[PDB]
Structures are given as C-alpha cells and as structure tokens.
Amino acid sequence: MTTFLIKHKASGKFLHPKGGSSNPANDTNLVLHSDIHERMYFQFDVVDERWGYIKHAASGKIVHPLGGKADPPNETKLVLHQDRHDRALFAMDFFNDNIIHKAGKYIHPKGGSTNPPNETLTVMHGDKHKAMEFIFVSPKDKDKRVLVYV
C-alpha cells in the first residue's frame, strides 16, 4: 500500500522501468537511473511471510526474472510483467540491504559497478558485495528509509 523508491545504495541511482513509462509493456527491462518521478515508484505485495511481489506502482506490473524460471541463472535480466506466479517472488531484506529472489540470487546492476551509469541493466546474480546493495526510501525524502512490509 505504501510506495517507496528502490535506491542503489552505492550510487544513489534508482530502479527504473527502461523508458520511464507509467504503463511499460510486458518484458520491459529494469534499469538504474538517477531520476525521480512517480513512474519509478514501487510497492511490495506480501504473499508468504517475507516473500512477495515487487510491483511498479504506476502500472501494477511486477518484477520477474526474464523467462520466469524458478532457479534463473546468473545474468538473467530483470523485467516487468503482469503475470503473478511463484517464480516472481522476492524478499526485501532491509537489514542486510539487498533484494533476494525466492531461489537465492540477488538483484545486481549488470557489471557490478558501485557507480553504474544511467540505463544500466539489472540482473540476477548470487554474489554479495557493496554494489548489489539497495535501500528502500520515501518518495518525498530519498534519504528516509521506509518499511516496505507495511
């Protein structure tokens, strides 16, 4: 119900749908971009305890591994899509500051840079480090963390 920004901790860029559309088509990539606007706001819909759907606020589309596989390999691109199923389940780990897929991999910027340029893609990948950390912040204050499970 409460919206938030998905902030790449190391760079301060944010998770965007590639193109900034309020109704991006299915299979649109999610990229990192510095801009802030209501078409990059997200919500989280809890399904089972920690697990839920990361939902693009403007369109209602949720985050999927491209292809919708249960255990996607490293470098699988992340995309938006209307389908709901248990292969698009993520947890918003606001204590270790990362986003983990049901199958155990994390959301990374493609290439692992602490300062990725605008339009940089995001991918699934199993490594843990400072460049795959994300924090969840208020649309009205990019430095104020908000609870995404409420």
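All residue numbers are counted from 1 along the displayed sequence.
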Mean C-alpha B-factor higher for 65-73, or for 49-57? 65-73
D83: C-alpha B-factor third of its chain, per the entry, is the middle
Compare the C-alpha B factor of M92 with those of the other modelled residues in its chain, then answer lowest, middle or highest third. lowest
Rank-wise, by C-alpha B-factor, drop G112 into the lowest, middle or highest third of its chain. middle
So, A103's CA B-factor, relative to its chain, sits in which third? The middle
Lowest, middle or highest third: where is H16 by C-alpha B factor in its chain? lowest
